[PDB]
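One structure is given here, and the rest of the page talks about it.
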Amino acid sequence: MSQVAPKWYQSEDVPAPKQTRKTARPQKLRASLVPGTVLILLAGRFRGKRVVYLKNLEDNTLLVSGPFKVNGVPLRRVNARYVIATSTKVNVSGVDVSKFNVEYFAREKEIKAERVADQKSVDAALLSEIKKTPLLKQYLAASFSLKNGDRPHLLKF
Amino acid sequence: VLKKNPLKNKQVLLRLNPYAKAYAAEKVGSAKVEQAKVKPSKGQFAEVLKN
Amino acid sequence: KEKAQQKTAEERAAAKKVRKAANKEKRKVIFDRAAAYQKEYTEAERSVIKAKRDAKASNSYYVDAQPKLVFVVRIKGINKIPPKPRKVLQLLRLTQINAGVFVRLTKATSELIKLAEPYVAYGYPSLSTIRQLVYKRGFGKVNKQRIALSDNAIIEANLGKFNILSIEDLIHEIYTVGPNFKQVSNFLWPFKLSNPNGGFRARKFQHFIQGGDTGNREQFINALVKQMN
Amino acid sequence: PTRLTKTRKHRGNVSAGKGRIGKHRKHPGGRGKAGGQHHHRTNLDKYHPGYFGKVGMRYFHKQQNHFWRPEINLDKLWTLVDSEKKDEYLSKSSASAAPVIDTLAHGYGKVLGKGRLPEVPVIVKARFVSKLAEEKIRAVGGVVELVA
Amino acid sequence: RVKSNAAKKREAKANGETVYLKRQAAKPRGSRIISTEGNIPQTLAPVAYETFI
Amino acid sequence: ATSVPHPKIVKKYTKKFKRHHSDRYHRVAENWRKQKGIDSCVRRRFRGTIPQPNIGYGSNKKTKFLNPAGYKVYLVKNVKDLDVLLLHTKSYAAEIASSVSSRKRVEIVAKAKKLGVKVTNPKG
Amino acid sequence: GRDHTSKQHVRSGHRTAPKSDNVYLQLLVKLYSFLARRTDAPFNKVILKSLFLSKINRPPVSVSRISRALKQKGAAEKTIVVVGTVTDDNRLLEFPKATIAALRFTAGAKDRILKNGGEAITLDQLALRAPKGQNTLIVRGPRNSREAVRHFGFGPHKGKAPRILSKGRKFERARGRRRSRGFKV
RNA sequence: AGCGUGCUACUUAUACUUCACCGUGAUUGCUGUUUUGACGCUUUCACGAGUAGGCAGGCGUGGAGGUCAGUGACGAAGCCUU
RNA sequence: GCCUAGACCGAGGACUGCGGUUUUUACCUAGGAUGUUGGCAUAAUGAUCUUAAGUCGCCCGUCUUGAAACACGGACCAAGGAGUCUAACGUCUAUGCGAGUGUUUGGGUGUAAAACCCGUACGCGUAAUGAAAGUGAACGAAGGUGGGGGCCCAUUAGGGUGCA
Ligand SMILES: [Mg+2]
Ligand SMILES: [Mg+2]
Ligand SMILES: [Mg+2]
Ligand SMILES: [Mg+2]
Ligand SMILES: [Mg+2]
Ligand SMILES: [Mg+2]
Ligand SMILES: [Mg+2]
Ligand SMILES: [Mg+2]
Ligand SMILES: [Mg+2]
Ligand SMILES: [Mg+2]
Ligand SMILES: [Mg+2]
Ligand SMILES: [Mg+2]
Ligand SMILES: [Mg+2]
Ligand SMILES: [Mg+2]
Ligand SMILES: [Mg+2]
Ligand SMILES: [Mg+2]
Ligand SMILES: [Mg+2]
Ligand SMILES: [Mg+2]
Ligand SMILES: [Mg+2]
Ligand SMILES: [Mg+2]
Ligand SMILES: [Mg+2]
Ligand SMILES: [Mg+2]
Ligand SMILES: [Mg+2]
Ligand SMILES: [Mg+2]
Ligand SMILES: [Mg+2]
Ligand SMILES: [Mg+2]
Ligand SMILES: [Mg+2]
Ligand SMILES: [Mg+2]
Ligand SMILES: [Mg+2]
Ligand SMILES: [Mg+2]
Ligand SMILES: [Mg+2]
Ligand SMILES: [Mg+2]
Ligand SMILES: [Mg+2]
Ligand SMILES: [Mg+2]
Ligand SMILES: [Mg+2]
Ligand SMILES: [Mg+2]
Ligand SMILES: [Mg+2]
Ligand SMILES: [Mg+2]
Ligand SMILES: [Mg+2]
Ligand SMILES: [Mg+2]
Ligand SMILES: [Mg+2]
Ligand SMILES: [Mg+2]
Ligand SMILES: [Mg+2]
Ligand SMILES: [Mg+2]
Ligand SMILES: [Mg+2]
Ligand SMILES: [Mg+2]
Ligand SMILES: [Mg+2]
Ligand SMILES: [Mg+2]
Ligand SMILES: [Mg+2]
Ligand SMILES: [Mg+2]
Ligand SMILES: [Mg+2]
Ligand SMILES: [Mg+2]
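Going down the list, the protein sequences come from chains n, l, o, AB, 2, AF and y.
Per PDB author numbering: the first sequence = residues 1 to 108, 128 to 176.
Per PDB author numbering: the second sequence = residues 313 to 363.
Per PDB author numbering: the third sequence = residues 13 to 241.
Per PDB author numbering: the fourth sequence = residues 2 to 149.
Per PDB author numbering: the fifth sequence = residues 108 to 160.
Per PDB author numbering: the sixth sequence = residues 2 to 125.
Per PDB author numbering: the seventh sequence = residues 2 to 186.
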């Protein structure tokens, strides 16, 4: 720009940040999010897919399965804010979801043998309970879309 | 550097007014008053209805 | 090295321990004062209610004591004001729109408010309104500077010689107009309120009696301040 | 320096500090000392009273050399004594032997009487003295010797 | 008022008490009770229009 | 921010303040001049007129004089001129003068890379 | 908008530094800026303000003024402080032994202070032997004796000196200065 | 969708409230850690319209003393150019 | 007292304060945003220029109570173009010396219009006033009184000294 020299008192040391008092507190999920609830995915690859909610992960995400055989939606995570929580529920008391966590979905195409086996083990119980509700498998296998004259501010799900 | 409302920040409210703790604990904001069920207007104050 | 940093930290910890221990008693004092103020507020209300009921029973009429305190808000801009009401508004420290001040009712101050009446909205403030004003928008004049009332130490350092040690001491001194009302109200920077949520009436610059906004609204000043603070 | 003048700061402003109505006309009010008795009376009467009129008598061919008579007071008279011998004179002076101060030779015509002398005799040679100057000189035991 | 203030100051001092000499503006009146024995309220109404010419 | 960390750089006005009627007449250059006319629509600030320079548009003192990379730029005319930027290589950058020859310009570029000084005009 | 009760953006109207660019006066201000900020002594706050004054605001103090100030009761051994020049007075008959601190001394003043057994020190030497100005006595020169003040506030019946280049019977003595020539004011 | 009148909600100025930044005025403190800037740094508050006009701080030009042992025929100065 | 929907903002930058909870560097929502995930770095992101759309925008300068005016100059462009210098002064500021001050009229000297050096006079100041003849500034600690910064003695207060 001009001919103004830097001065000796112009230090280059970067100060440390102050000690922050933003101690994190737990997430507040919606009351409609109960394990076994049928959810509608609003974004992503599986947008419009009706899926089963299984577990609340420690990442603040929801563990979800189609089931994959019925839907094509595998075990994966979704965000609670990109989900419509319907009123349909499935009894998931017979499904063991203890082993599922963040490290299970760690990033390393090819699919792990473990993940396929876990898919089958979870989906067996999911299908056993789904068969009880008539048309529930058909409902889950069908994509969701907004028809003409559908007003989401008046509908109950 | 930043003014915090004691009416929003409970910690600042207790910092400014320590009695707020007792006010909250005793439910001073919804305290009942004990008295008898009376009606003292039966006599000459019925001059309000007509004259 | 950190020898000194840790040394001054230990010295600070000891001094802060002693300071907090000493301040605990003062905070007990102000706690007791606030509790006493609440007791006397409730006692006075029940006494007045009982007196009204008793006057109703004994074929009489209880006339309330006239209010001694008023909150005055300048709701008019700074243009086209005659010299005398302009000087009066300056002397109430109402030198901008939506500026509020506490005034102790006498004759001199009453004739002042009557002079500024076409330009202000005023009334009788309740205790909760006073508390809300002082808590959210309460500022003090310290060395001609506008300082937020964020700690009871500011109030003590400036009004302890007037026996005001807490924000509740200040609120009590305003509400029940005390022997040091002058010092407490001049220490209070004029409250700078926002515009009302919900608006004014259709036309401000006419008396409250005629459907406007200026003059004495008396108990509706609490609703108006609730709108604006 | 021209770079410091206010002429440089008015560049770009239309009227150059002279006003848009008043402007900088040639000679409004006249030239020099014009109008001193009619429309400049308010200036000359307030700040230079006595300007108009004659007072006193003329003096054809006044030679100021005639009136040369510089004044020296008494508080400055001992400064004419030699500096290296002032302290000795202030001690040993008596009626029998006092310093001689030739005031005319230092360029003074009249001795005036402001201030106070040391209570010490002096011999002052002057062309003129005031009444009080000689009274003060005699009081300290001194004398005035007239010269020309 | 100077003499009266001086008189008030000396006598409170005699009684070993205090007295306040600063003048005050007129203050709002206190509470009070209005007796209605012999004074039951009389109801008034605005009167109709008449011409008296 | 490869430079010393700074707040986000804010430029209050990014266009050029163009003199009034520098578009109507060729004799009127775009270099900003304040209108002094009695009737000027711009001097009286009518709605719809051009923006004018004022101190409110001044840059934040923490991001003032910083190029988009976060450095303050210093003009260098010879290799000895780089000596003043020795202890400020993370806060000051060097810009080579246009009239330095193609020979000396290569030498200036060579010393800055050894010293770690960043160069703002590296190709010309 | 604000209804301003005072003029906005008003400078204090007092000098906070010398107009002089003398580097050695700046050092003296350096010393008493620290002293006034840190001693709670009112003397140091007065000296700091006095070092800013302009030439006409620090009139010279004659060696006769110091003699009269030392002649106050109980002030014979006080330290005389003059923020300015101390000049000589050849109308004195005698001068005492005294300690005087000044910005400058004339040749006669230094000669006459030291001849009578006194000291002529600078203001920095004062700050070590009297860092709070203990046992000091500030002396100021006459401000209203300046010739320019003769013409200040001139007007009718004001008795001030006219702004005039020549003096004599022919120069502003006739009309308005004499009842025989109209009126006198 | 006119006239008189009442009510609920709503619209938006460079005005008001909270916050950020520029400048101006004031303000807190800063030398046994003053430490190669005290004509400097720093804490805090309030304020910002303007013709004629005053003052201040800066930008630019011809030439001059000093300095960069400065740039330059391996290209100065000038000129055109999202 | 409680629950709940949205928006905008995140200045500051080791620690220091007040609280609160005390789980007595135990923490905290308590003197200003952190944590975590994805994507991009041949780029999501940002600026300018041109242009479209929307909205607003009358020709500048001047004299003028009032100008876009049916008031005047101005078709366009380049270059030149207007508060200067001097004699004598008022106020203010800086500087040198100071009851004195000013070397530069002149003289000495010189590496030659410079720089360096010298002194008598003179100007102004140090005395005023009166038309003039003329006279010419201490009763007193160079005065008293009420204030008066600072300083001294004190011990809220109080006393002493008190320049401008
Ligand atoms: Mg299928
Ligand atoms: Mg008030
Ligand atoms: Mg407290
Ligand atoms: Mg609304
Ligand atoms: Mg409304
Ligand atoms: Mg309206
Ligand atoms: Mg309307
Ligand atoms: Mg009505
Ligand atoms: Mg509100
Ligand atoms: Mg210039
Ligand atoms: Mg200007
Ligand atoms: Mg102008
Ligand atoms: Mg023009
Ligand atoms: Mg002018
Ligand atoms: Mg003109
Ligand atoms: Mg004129
Ligand atoms: Mg005539
Ligand atoms: Mg004479
Ligand atoms: Mg720009
Ligand atoms: Mg122009
Ligand atoms: Mg026009
Ligand atoms: Mg106009
Ligand atoms: Mg070139
Ligand atoms: Mg404003
Ligand atoms: Mg104000
Ligand atoms: Mg005097
Ligand atoms: Mg004179
Ligand atoms: Mg006559
Ligand atoms: Mg209608
Ligand atoms: Mg604004
Ligand atoms: Mg302005
Ligand atoms: Mg130049
Ligand atoms: Mg030239
Ligand atoms: Mg040169
Ligand atoms: Mg930050
Ligand atoms: Mg992840
Ligand atoms: Mg457009
Ligand atoms: Mg014209
Ligand atoms: Mg005309
Ligand atoms: Mg005009
Ligand atoms: Mg006309
Ligand atoms: Mg017309
Ligand atoms: Mg005309
Ligand atoms: Mg004409
Ligand atoms: Mg024409
Ligand atoms: Mg032409
Ligand atoms: Mg044409
Ligand atoms: Mg002059
Ligand atoms: Mg010469
Ligand atoms: Mg002479
Ligand atoms: Mg002479
Ligand atoms: Mg006295």
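Note that beta-carbon positions come from the ideal geometry of N, C-alpha and C, so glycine has one too.
Look at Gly-227 (chain o): its beta carbon is at least 7 Å from all of the heavy atoms in ligand 8. Interface criterion not met: the Cβ of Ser-342 (chain l) is under 8 Å from no Cβ in chain o. For the options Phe-176 (chain n), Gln-3 (chain n) and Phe-46 (chain n), the alpha carbon positioned closest to that of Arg-77 (chain n) is the one of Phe-46 (chain n). Here DSSP, grouped into helix, strand and coil, assigns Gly-183 (chain y) to coil. For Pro-52 (chain AF), the distance from the CB to the nearest heavy atom of ligand 16 is not below 7 Å. Listed in chain order, the non-local C-beta contacts of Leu-57 (chain n) below 8 Å within the same chain comprise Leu-63, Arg-77, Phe-100, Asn-101 and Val-102, local neighbours out to five positions each way being set aside. With the criterion set as a beta carbon lying under 7 Å from some beta carbon of chain 2, the members of the region 78 to 96 of chain o are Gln-78, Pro-79 and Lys-80, in sequence order.
The DSSP-derived three-state label of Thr-86 (chain y) is strand.
By the criterion of at least three beta-carbon pairs nearer than 8 Å, the region 89 to 108 of chain AF is not in contact with the region 16 to 29 of chain n. In the DSSP assignment, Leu-101 (chain o) falls within the unbroken alpha helix (DSSP H) covering 95 to 103. Taking the beta carbon of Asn-44 (chain AB) as reference, no residue of chain AF falls within 8 Å; the closest one sits roughly 33 Å away. Not one heavy atom of ligand 11 falls within 7 Å of the beta-carbon of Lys-19 (chain AB).
Judged by beta-carbon spacing, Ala-63 (chain o) lies within the 8 Å limit of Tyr-74 (chain o), meaning their Cβ atoms are closer than that value.
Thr-150 (chain 2) belongs to the set of residues whose beta carbon lies under 8 Å from a beta carbon in chain l. Residue pairing of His-219 (chain o) in beta bridges, as defined by DSSP: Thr-226 (chain o). The contact set of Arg-213 (chain o) on chain l, defined by CB atoms closer than 7 Å, is empty, because the minimum CB distance reaches about 27 Å. With a threshold of 8 Å between beta carbons, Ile-147 (chain 2) makes contact with chain l.
For ligand 11, a non-hydrogen atom lies closer than 7 Å to the CB of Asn-14 (chain AB). Per the coordinates, the alpha-carbon of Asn-317 (chain l) lies some 49 Å from the alpha-carbon of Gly-123 (chain 2). For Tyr-52 (chain AB), a Cβ of chain y is located within less than 8 Å of the residue's own Cβ.
With fewer than 16 other Cβ atoms from the protein chains shown falling within 10 Å of its own Cβ, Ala-30 (chain AF) counts as exposed. The C-beta of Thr-37 (chain n) has 16 or more other C-beta atoms within 10 Å across all chains shown, which makes the residue buried. The beta carbon of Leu-145 (chain n) sits closer than 8 Å to the beta carbons of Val-52, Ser-65, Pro-67, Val-90, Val-92 and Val-95 from its chain, once the five residues preceding and following it are set aside; these are given in chain order.
For the alpha helix (DSSP H) assignment, the region 37 to 77 of chain o encloses no uninterrupted run of at least 4 residues. The nearest non-hydrogen atom of ligand 2 is less than 7 Å from the C-beta of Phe-114 (chain o). Between the alpha carbons of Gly-190 (chain o) and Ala-37 (chain y) lies a gap of roughly 41 Å. Inside the region 100 to 152 of chain y, DSSP marks whole beta strand (DSSP E) runs of 3 or more residues at positions 100 to 106, 120 to 122 and 137 to 139, from first to last along the chain.
The secondary-structure analysis by DSSP pairs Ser-162 (chain n) across a beta bridge with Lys-49 (chain n). By the rule that beta-carbons nearer than 8 Å mark a contact, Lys-91 (chain AF) touches chain n. Close to chain y, meaning a Cβ-Cβ distance shorter than 7 Å, is no residue of the region 146 to 166 of chain o at all. By the C-beta density criterion, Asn-329 (chain l) is buried, having at least 16 other C-beta atoms within 10 angstroms.
The closest CA to that of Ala-47 (chain o), considering only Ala-133 (chain o), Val-196 (chain o) and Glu-180 (chain o), is found on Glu-180 (chain o). For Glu-23 (chain o), DSSP records no beta bridge to any residue. Look at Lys-65 (chain AF): its C-beta is not under 8 Å from any C-beta on chain AB. For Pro-6 (chain AF), the C-beta contacts it makes with chain n under 7 Å involve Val-14, in order along the chain. Contiguous beta strand (DSSP E) elements confined to the region 137 to 187 of chain o occur at 151 to 154 and 157 to 160, taking only those with 3 or more residues.
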